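Report on the structure given below.
Chain identifiers are assigned alphabetically (A, B, ...) following the order of the sequence lines, protein sequences preceding nucleic acid strands; residue numbering begins at 1 within each chain. FYI, side chains are in, hydrogens and waters are out, and symmetry mates aren't considered; it's all heavy atoms of this structure. Counting starts at 1 for both ligands and their atoms, in listed order.
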Amino acid sequence: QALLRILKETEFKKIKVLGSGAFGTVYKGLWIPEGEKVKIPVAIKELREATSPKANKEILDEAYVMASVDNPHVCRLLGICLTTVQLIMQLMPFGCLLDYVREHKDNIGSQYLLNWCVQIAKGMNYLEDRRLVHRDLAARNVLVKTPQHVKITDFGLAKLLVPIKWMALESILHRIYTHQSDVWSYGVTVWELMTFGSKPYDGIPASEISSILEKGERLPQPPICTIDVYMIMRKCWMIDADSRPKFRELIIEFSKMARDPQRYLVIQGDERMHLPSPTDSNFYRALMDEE
Amino acid sequence: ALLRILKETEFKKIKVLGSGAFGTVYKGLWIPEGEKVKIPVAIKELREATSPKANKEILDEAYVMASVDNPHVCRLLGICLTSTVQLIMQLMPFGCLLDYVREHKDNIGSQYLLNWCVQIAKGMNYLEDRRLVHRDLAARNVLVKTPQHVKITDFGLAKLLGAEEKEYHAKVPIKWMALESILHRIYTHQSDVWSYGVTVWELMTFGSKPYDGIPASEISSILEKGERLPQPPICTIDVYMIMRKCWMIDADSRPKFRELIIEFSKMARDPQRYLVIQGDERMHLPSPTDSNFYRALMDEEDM
Ligand SMILES: CSc1nc(-c2ccnc(NC(C)=O)c2)c(-c2cccc(NC(=O)c3cccc4c3NC(=O)c3ccccc3N4)c2)[nH]1
């Protein structure tokens with residue numbers, strides 16, 4: 001309850017737009033704490049359709065759970081303004097991972113890609129441990145805090161609100177959403193990362209996707225992926241939800257691959273491709289990522 | 001690895017924030033190599049050094065400034081050794097504590113004031129434990145990360161830059177320095193406790209100027225004659241007594257920072273018994289909701 005700060009329209013303002021969607025619009029904004037002469041940058045999501053006070057009470061009820069996620073790889077809702085639903089969180093200068101890997105296409109070392117896989121599996125394992133089903137995991141829903149530090153956002157938004165190309169078969173046919181359907185989605189998100197942001201099933205129309213999944217077609221092996229990595233993606237997309245890896249197992253498998261990334265990803269340029277470096281990491285961290 | 005050497009090409013000064021005797025502070029933007037993002041930072045471009053020092057001696061002293069690891073001391077993050085010496089640190093949008101107590105004059109609750117004394121003493125007690133001496137502690141060299149959280153800054157810069165001889169009579173923080181330091185240029189952890197006493201007096205007077213109307217060149221003499229700063233109106237004698245012990249001529253009789261931490265922590269637990277402030281019961285103490293929001297937004301540091 002003290003993890004979510006209820007804001008009033010007069011103590012913050014939107015300053016510039018960053019991104020949009022069906023959900024709502026994303027703004028860089030400024031928080032002006034009462035009685036102070038400072039303007040603190042925030043990110044703000046304004047939802048598309050406002051609604052009644054009864055719907056606001058439902059949103060606030062869910063916002064109290066979102067405010068309670070404490071994990072380095074999941075975004076925490078910080079504040080809310082009920083006008084008309086504005087969600088406030090920490091501003092990330094880097095935007096979303098999908099855009100990041102498109103902008104940096106073919107310029108990303110194997111070390112980063114697998115660390116992002118690890119971190120996203122950690123974030124999803126956390127949600128599962130908290131009994132939260134995301135229902136829309138995708139590269140567009142992972143935000144970049146620093147190139148070394150990514151965070152899942154917008155878990156539960158699909159519920160309070162249709163990405164068919166990311167959904168488990170059982171979720172298309174029967175609107176069944178579990179943590180194991182989130183594992184199917186995780187697999188599509190790793191595919192996104194490994195193709196530097198390609199659209200999944202980019203020909204196929206969404207209404208025909210369930211058809212080809214039953215025929216046993218799956219997204220193809222991305223050029224840079226060794227068979228080891230494509231094996232893991234293919235398990236994420238088995239028909240029997242319970243045959244799919246657990247998020248805890250994905251952390252372990254991807255963590256082992258990230259101790260030797262050039263073995264599992266074959267990337268032209270990789271040896272001299274930028275990695276972390278303790279000096280830069282301390283720097284990013286001290287400047288803007290002390291968590 | 002604790003200190004990033006920067007090239008001039010990867011940052012830019014954007015707006016000046018304020019000027020001191022040691023240099024001017026700018027808000028600037030870092031641009032990491034290979035990225036299209038601008039990361040806000042603070043840049044202090046240093047004034048000319050009197051002691052004329054080699055680029056390497058600087059580096060050896062910047063590495064020590066980069067090693068301070070404490071919630072209540074600012075760490076040097078990076079350095080540019082070009083035509084000037086430019087220090088890069090994390091941007092503190094609130095500015096310094098001196099400006100802040102001036103701006104919120106008579107609008108600050110005793111719980112805040114005493115908590116700031118705790119945190120500053122915790123900051124100095126860490127530097128003592130590392131066997132480091134600040135030399136220029138003052139309200140102007142305490143930064144506000146959040147109203148709940150202050151940090152000592154500019155550590156090391158007094159050693160770094162030195163001072164011409166004429167500056168010792170008119171820079172040299174004469175009115176904050178122990179008598180030994182003014183006379184013999186001794187600097188110890190106990191002369192730091194003198195500056196801390198003055199710093200505390202700055203806070204309790206909401207930023208008044210110490211010994212206002214006395215020329216700095218005569219501070220020497222009045223201290224020997226036994227004049228000290230007067231009791232600020234909001235201080236009970238408990239608080240004033242501690243400040244007076246900090247200014248004893250005998251450096252060994254002044255309190256230790258570790259003792260100051262306990263004493264002020266105790267006063268912090270019953271703050272209306274030790275500071276008398278009109279309307280203190282209507283002063284904002286920060287609710288857990290508010291503190292959590294500051295911390296998650298701007299202050300994710302350890303404690
Ligand atoms: C995908 S695009 C994007 N980018 C950003 C962003 C953020 C920071 N910096 C940047 N920087 C740059 C340069 O772009 C961008 C944001 C954003 C901005 C503000 C807030 C939020 N999220 C939340 O509040 C939130 C947090 C947790 C879970 C959910 C959340 N939301 C919901 O609606 C929701 C509603 C009901 C039930 C569940 C929900 N789920 C997301 N969105």
Side-chain angles (χ1 to χ4, degrees), chain A residues 3-7 12 14-22 24-31 40-48 50 55-71 73-81 85-100 102-103 120 123-124 126-127 130-147 149-159 163 166 177 182 185 189 192 288-289 291, chain B residues 29 32 35-40 293 296-298:
Chain A
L3 304 168
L4 176 71
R5 154 106 178 222
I6 316 274
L7 290 175
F12 70 96
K14 310 182 217 39
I15 292 290
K16 101 180 259 208
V17 72
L18 294 169
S20 106
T25 314
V26 176
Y27 304 86
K28 176 185 178 184
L30 287 175
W31 175 49
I40 297 145
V42 286
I44 302 158
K45 178 206 215 187
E46 178 141 60
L47 300 175
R48 227 56 177 192
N56 271 359
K57 197 261 172 313
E58 159 154 42
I59 284 140
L60 185 50
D61 273 27
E62 271 295 331
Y64 280 124
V65 173
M66 306 185 235
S68 74
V69 298
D70 212 348
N71 186 265
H73 301 293
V74 199
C75 288
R76 183 171 95 71
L77 178 70
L78 299 196
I80 184 156
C81 189
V85 183
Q86 287 176 90
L87 298 180
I88 279 76
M89 64 147 89
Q90 187 179 60
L91 182 68
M92 329 261 264
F94 276 101
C96 89
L97 194 45
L98 182 50
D99 287 329
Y100 192 83
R102 282 157 178 192
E103 300 181 322
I120 290 164
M124 300 284 320
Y126 176 74
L127 292 179
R130 302 275 324 256
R131 278 152 181 102
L132 296 155
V133 176
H134 192 302
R135 292 162 56 129
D136 190 24
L137 178 67
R140 63 183 183 274
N141 278 337
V142 184
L143 304 186
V144 185
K145 184 146 181 210
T146 81
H149 188 178
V150 302
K151 318 186 110 174
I152 297 161
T153 190
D154 290 20
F155 54 92
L157 187 278
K159 212 222 51 184
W166 280 262
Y177 295 91
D182 276 349
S185 295
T189 310
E192 285 185 281
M288 74 194 277
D289 195 3
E291 97 173 282
Chain B
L29 301 165
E35 309 281 3
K36 63 159 209 132
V37 297
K38 303 151 141 206
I39 307 303
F293 183 79
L297 245 191
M298 329 170 46

(request) Run the numbers for me: atoms of ligand 1, each under 4.0 Å from some heavy atom of A:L91, listed by number. (result) 9 (N), 11 (N)

(message) With heavy-atom distances below 4.5 Å as the criterion, would you say the side chains of A:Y126 and A:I152 are in contact?
(response) no

(message) Using a 4.0 Å heavy-atom cut-off, which part of A:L157 comes near ligand 1: side chain, backbone, both, or neither?
(response) both

(request) Check if A:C96 has a non-hydrogen atom at a distance under 4.0 Å from any atom of ligand 1. (result) no

(message) Just so I know, are the side chains of A:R140 and A:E192 near enough to count as touching, which here means a heavy-atom distance under 4.5 Å?
(response) no

(request) Please work out which of A:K45, A:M66, A:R135, A:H134 has its closest non-hydrogen atom nearest to atom 36 (C) of ligand 1. (result) A:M66

(message) Could you tell me, atom by atom, which parts of ligand 1 come under 4.0 Å of a heavy atom of A:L77?
(response) 24 (O)

(message) With a 4.5 Å cut-off on side-chain heavy atoms, are A:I88 and B:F293 touching?
(response) yes

(request) Would you check whether A:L18 has a nitrogen or oxygen atom less than 3.5 angstrom from a nitrogen or oxygen atom of ligand 1? (result) no

(request) Pick out which of A:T189, A:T153, A:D136 makes a side chain to side chain donor-acceptor pair (under 3.5 Å) with A:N141. (result) A:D136

(request) Going by heavy-atom distance to atom 13 (C) of ligand 1, choose the closest among A:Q86, A:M92, A:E46, A:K151. (result) A:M92

(request) For A:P93, take its heavy atoms, then give the atoms of ligand 1 lying under 4.0 Å from any of them. (result) 13 (C)

(request) Answer side chain, backbone, both or neither: which part of A:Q90 comes under 4.0 Å from ligand 1, heavy atoms only. (result) backbone

(request) Report, in ascending order of atom number, the atoms of ligand 1 lying under 4.0 Å from any heavy atom of A:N141. (result) 1 (C)

(message) My understanding is that only one of A:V144, A:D99, A:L143 makes a side-chain contact (heavy atoms from CB on, under 4.5 Å) with A:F94; could you say which?
(response) A:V144

(message) Looking at ligand 1, would A:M89 count as a contact under a 4.0 Å heavy-atom criterion?
(response) yes

(request) Just go through A:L87, A:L127, A:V142 and tell me whose heavy atom is the nearest to atom 32 (C) of ligand 1. (result) A:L87

(message) Between the side chains of A:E291 and A:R76, is the shortest nitrogen-to-carboxylate-oxygen separation below 4.0 Å, so that they form an ion pair?
(response) no

(request) Answer yes or no: is there a side-chain heavy-atom contact under 4.5 Å between A:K45 and A:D154? (result) yes

(request) Please confirm whether the backbone N or O of A:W166 pairs with a side-chain atom of A:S185, one donor and one acceptor, at under 3.5 Å? (result) yes

(message) Quick check: do A:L3 and A:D70 have side-chain heavy atoms less than 4.5 Å from each other?
(response) no

(request) Check each of A:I80, A:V26, A:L98 against atom 42 (N) of ligand 1 and report the one with the nearest heavy atom. (result) A:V26

(request) Would you give the length of the straight line joining atom NZ of A:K151 to atom CG of A:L97, rounded to the nearest 0.5 angstrom? (result) 14.0 Å

(message) As an exercise, identify every atom of ligand 1 less than 4.0 angstrom from a heavy atom of A:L143.
(response) 4 (N), 5 (C), 6 (C), 7 (C)

(message) Can you tell me how far apart NE2 (A:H73) and NE2 (A:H149) are? Round to the nearest 0.5 Å.
(response) 5.0 Å

(message) I'd like to know if A:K28 contacts ligand 1, where contact means a heavy-atom distance under 4.0 Å to any ligand atom.
(response) no

(request) Considering the heavy atoms of A:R140, write down every atom of ligand 1 situated less than 4.0 Å from one of them. (result) 1 (C)

(message) As an exercise, identify every atom of ligand 1 less than 4.0 angstrom from a heavy atom of A:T153.
(response) 22 (N), 41 (C)

(message) I'd like to check which ligand 1 atoms, numbered from 1 as shown, lie under 4.0 Å from a non-hydrogen atom of A:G156.
(response) 37 (C), 38 (C)

